[PDB]
Amino acid sequence: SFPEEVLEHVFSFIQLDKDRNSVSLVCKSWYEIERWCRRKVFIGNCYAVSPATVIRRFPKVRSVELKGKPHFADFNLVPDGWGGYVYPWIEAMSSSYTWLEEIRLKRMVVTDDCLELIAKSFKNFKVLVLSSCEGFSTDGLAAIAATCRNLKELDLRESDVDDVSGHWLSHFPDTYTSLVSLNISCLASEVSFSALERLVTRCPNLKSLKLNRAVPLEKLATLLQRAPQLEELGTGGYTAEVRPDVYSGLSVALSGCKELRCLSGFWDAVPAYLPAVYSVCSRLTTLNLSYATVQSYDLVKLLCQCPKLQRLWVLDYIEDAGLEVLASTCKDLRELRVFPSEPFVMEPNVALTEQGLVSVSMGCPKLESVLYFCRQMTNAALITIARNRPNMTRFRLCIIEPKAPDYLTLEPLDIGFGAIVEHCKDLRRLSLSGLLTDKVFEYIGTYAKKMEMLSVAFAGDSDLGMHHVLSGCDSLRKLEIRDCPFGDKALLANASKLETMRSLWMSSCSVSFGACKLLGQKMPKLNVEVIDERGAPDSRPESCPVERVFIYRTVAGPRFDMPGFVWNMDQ
Amino acid sequence: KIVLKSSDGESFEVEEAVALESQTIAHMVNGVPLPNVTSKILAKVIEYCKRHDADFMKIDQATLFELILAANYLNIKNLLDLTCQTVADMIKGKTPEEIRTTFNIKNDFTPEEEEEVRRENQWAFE
Amino acid sequence: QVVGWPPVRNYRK
Ligand SMILES: O=P(O)(O)O[C@H]1[C@H](OP(=O)(O)O)[C@@H](OP(=O)(O)O)[C@H](OP(=O)(O)O)[C@@H](OP(=O)(O)O)[C@H]1OP(=O)(O)O
Ligand SMILES: O=C(O)COc1ccc(Cl)cc1Cl
């Protein structure tokens, strides 16, 4: 009940977005005090609200996070030009947020113009994370490097950069020294290497260096001798003539890095050079081998020595036998990602099946987080997995053949998934696959009460299934569906669910254009977007399924930068 | 030693560095009067300032209540922090109506405004 | 094959 300054100082110890939202709703007084001391803002859907809105309400923000295209952009199911442009944000912030420090962007279109504007409006600019973004070039980054004198983090992870010129990196002045974190690893072009060594050499706080694979294996040791304090290393190319001097050097240099917790990169890795990495290995909590194309045996030899390993991302080359050795050596595993080595041929090239996942189910009592590509699976295996891991959190299991049944048994996988979902009571994330009838959906609506994100393809028999989901799924935030018999009847019968959810994606389903227009009319605070390259939707009868609807709730109303193939159903 | 005079008119003798923990005291400079702190409260302040805490804060609400205000009035930065954390940790995890229980706040939102904000917070800020 | 399947960010198909 006391002044205004004590509340503020109290607030300063409150940092979770939820907590701040809550205090903002106590009474008008608190709404005002929090407003004014809100240090960061998280905007999961850039079109959900306008910049003018964010900037007028939290005028003191130091740190901004924005997310653009829906997840399925990754699979490119969203045509180019659809939207996600960050420029309007930067333009609006550049005059209000003078003291801005941190920008984190996901799946947005980000332009060299954006990058210059940031460089030259935010003097205290410290952190730039660009995560699967597109639209910019090494020229933009040259801007950042030349101008951002206080920069600590440049993280380019999984972005598509128009790759003019490795010259941009030598634009960091000699008086620059502040770098904590360079994630370089999506760039094709090749940085100046003496510039890179000068840079790493003079930033004594460098903690995380992820290379560029145009920095060839023979050069890594020079780098590592300059940054013995490293905690995360991303190699460049991991290939070279087999020679003893070059092996010996890599290896003294790595075992020089007593602080490595995270090892990644390994393009083109040669078996003959991995063991250089071993002494580092006692200690790793994160190993990402997902671009090494090495055989299950050499993986195992490496795994055998990562007792503290908490997170593994690897190729399917690891195999059932390699994963079993996994279950045995890594009792502290939280997260396993197994990626497809050859996701575009039908025949198995690799002996990796339900069995490896079962192994790991039983052997890693702390495994909570799974992404798995294989070519076959069973109800029985899923059921043993759910039984062994009722603490699973995130379960993403992708069978490469579209409607593959249980291969022993030949049924739909409905009960296997029923089991993961009945038994794993804190499952917040599910993606499933294989032969699936309206009945999984039903299980999903009955048991999956905590579940937040659900991904599905080539599944169900009718609108009943999608109904059970939008029906039963208390905590649904993101629902994304391709190529299923789900349409007008389940969508409109659940129209009001949609206001509680960040987004529904539906492509190639049976949603008529007519249900799209009716939905837009019932629900004026959804943007219901038809995204359909065949030309204007009265071209065809309203009876006619649109190619993609994307639906998301918002306070900005309809958005200003639709291109030619996106229509909003407001009117 | 300095002596410190509660609001209650009673007298506290503390050695020289203890009193000076308070910038508010430091900058008055027979015996320092403190119109906005009780003795009860000035007592607790003095244990803290002596020690320097944990079951120290093992106190009750109206009392924390007053401890904050005095740590503010006396400018004692460490104690403001500690009693500030402590009120925070009562906010966290909690809803508006429970915060505005735990705290004796009356809700002065209309129906309509409260929904616009929730509203904003949920659709755009979490 | 089908567009966008299987869902992965690799190069061909
Ligand atoms: O809280 P959200 O906005 O729901 O974000 C989720 C969540 O990401 P955070 O690391 O930001 O909590 C996922 O983390 P997990 O489900 O693995 O815990 C992440 O998935 P990844 O770990 O695979 O990056 C996923 O990204 P995606 O949809 O690209 O798999 C992303 O969701 P969005 O950024 O798509 O909302
Ligand atoms: O989770 C992943 O990234 C891979 O698995 C999926 C991705 C998208 C869809 Cl629709 C279905 C599945 Cl099983």
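Sequence lines set the chain letters: A, B, ... in the order given, protein chains first and strands last, and positions in each chain run from 1. Note that ligands are numbered from 1 as they come in the structure, with each ligand's atoms numbered from 1 the same way. Both backbone and side-chain heavy atoms feed into the values below; hydrogens, waters and symmetry mates do not.
- For ligand 2, the atoms sitting less than 4.0 Å from at least one non-hydrogen atom of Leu371(A) are 1 (O), 2 (C), 3 (O), 4 (C), numbered in the order shown with element in parentheses.
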(request) Check the pair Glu411(A) / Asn379(A) against side-chain hydrogen bond (donor to acceptor under 3.5 Å, both in side chains), numbers first and verdict last. (result) CA-CA 8 Å; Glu411(A) 322 246 353; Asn379(A) 283 326; over 6 Å; no
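- Under a 4.0 Å criterion applied to the non-hydrogen atoms of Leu397(A), ligand 2 contributes the atoms 13 (Cl).
- Within the 4.5 Å cutoff, the side chain of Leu303(A) has heavy atoms near those of the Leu312(A) side chain.
- Close contacts of ligand 1 with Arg502(A), meaning ligand atoms under 4.0 Å from a residue heavy atom, involve 3 (O), 36 (O).
- Of the heavy atoms in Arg477(A), only side-chain atoms (C-beta onward) come closer than 4.0 Å to ligand 1.
- Per-residue contacts place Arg337(A) under 4.0 angstrom from the following atoms of ligand 1 (heavy atoms of the residue considered): 17 (O), 21 (P), 22 (O), 23 (O).
- Close approach of ligand 2 to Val456(A) (heavy-atom distance below 4.0 Å) involves ligand atoms 10 (Cl).
- In terms of protein heavy-atom proximity, atom 24 (O) of ligand 1 is closest to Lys106(A) NZ, 4.6 Å.
- Distance alone, capped at 3.5 Å, is enough to place a donor-acceptor pair between the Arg375(A) side chain and the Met346(A) backbone.
- An N or O contact shorter than 3.5 Å is missing between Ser433(A) and ligand 2 by distance.
- Using 4.0 Å as the threshold, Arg396(A) has a heavy atom nearer than that to some atom of ligand 1.
- The only option from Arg502(A), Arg477(A), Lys478(A), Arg429(A) that meets the side chain to side chain donor-acceptor pair (under 3.5 Å) definition with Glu452(A) turns out to be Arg477(A).
- Atom 1 (O) of ligand 2 has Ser431(A) OG, 2.7 Å as its closest protein atom, hydrogens excluded (heavy atom only).
- Under a 4.0 Å criterion applied to the non-hydrogen atoms of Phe72(A), ligand 2 contributes the atoms 10 (Cl).
- Near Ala457(A), with a cut-off below 4.0 Å to any heavy atom, the atoms of ligand 2 are 10 (Cl).
- One finds no salt bridge joining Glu158(A) and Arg9(C) here, because no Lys/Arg side-chain nitrogen approaches an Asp/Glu carboxylate oxygen to under 4.0 Å.
- Ion pair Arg548(A)/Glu533(A) flagged as a salt bridge, since at least one NZ, NE, NH1 or NH2 atom sits closer than 4.0 Å to an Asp/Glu carboxylate oxygen.
- Contact check on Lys489(A) versus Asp463(A) returns a salt bridge, with a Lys/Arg side-chain nitrogen under 4.0 Å from an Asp/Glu carboxylate oxygen.
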(message) Does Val555(A) form a side-chain contact (heavy atoms from CB on, under 4.5 Å) with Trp123(B)? I'd like the steps, not just the answer.
(response) CA-CA 7 Å; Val555(A) 301; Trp123(B) 297 15; 4.2 Å; yes
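- Ligand-side atoms of ligand 1 in range of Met453(A): 28 (O), range being under 4.0 angstrom from any heavy atom.
- Between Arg482(A) and ligand 2, not a single N/O pair is under 3.5 Å apart.
- Using a 4.5 Å heavy-atom cutoff, the side chains of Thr554(A) and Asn45(A) are not in contact.
- The single protein non-hydrogen atom nearest to atom 25 (C) of ligand 1 is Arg429(A) NH1, 3.9 Å, given as residue, atom name and distance.
- Two rings, from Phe486(A) and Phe441(A), have their centers less than 6.0 Å apart.
- Taking every heavy atom of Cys398(A) and a limit of under 4.0 angstrom, the matching atoms of ligand 2 come to 4 (C), 5 (O), 13 (Cl).
- Ranking the protein heavy atoms by distance from atom 29 (O) of ligand 1 puts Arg107(A) NH2, 2.7 Å first.
- Counting protein heavy atoms under 4.0 angstrom from atom 14 (O) of ligand 1 gives zero.
- Neither the backbone nor the side chain of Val8(C) has any atom closer than 4.0 Å to an atom of ligand 2 (non-hydrogen atoms only).
- Counting heavy atoms only, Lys67(A) comes closest to atom 11 (O) of ligand 1 of the residues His71(A), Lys67(A), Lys478(A).
- Here the protein heavy atom with the shortest distance to atom 8 (C) of ligand 2 is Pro7(C) CG, 3.7 Å.
- Salt bridge status for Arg20(A) with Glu34(A): present, with a side-chain N to carboxylate O gap under 4.0 Å.
- Between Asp74(A) and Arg107(A), at least one side-chain N (NZ, or NE/NH1/NH2) sits under 4.0 Å from a carboxylate O, which counts as a salt bridge.
- Per-residue contacts place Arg396(A) under 4.0 angstrom from the following atoms of ligand 2 (heavy atoms of the residue considered): 1 (O), 2 (C), 3 (O).
- Of the protein's heavy atoms, at least one falls inside 4.0 Å of atom 5 (O) of ligand 1.
- Close contacts of ligand 1 with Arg394(A), meaning ligand atoms under 4.0 Å from a residue heavy atom, involve 15 (P), 16 (O), 17 (O), 18 (O).
- With hydrogens and angles disregarded, no donor-acceptor distance shorter than 3.5 Å links the side chain of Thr285(A) to the backbone of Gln310(A).
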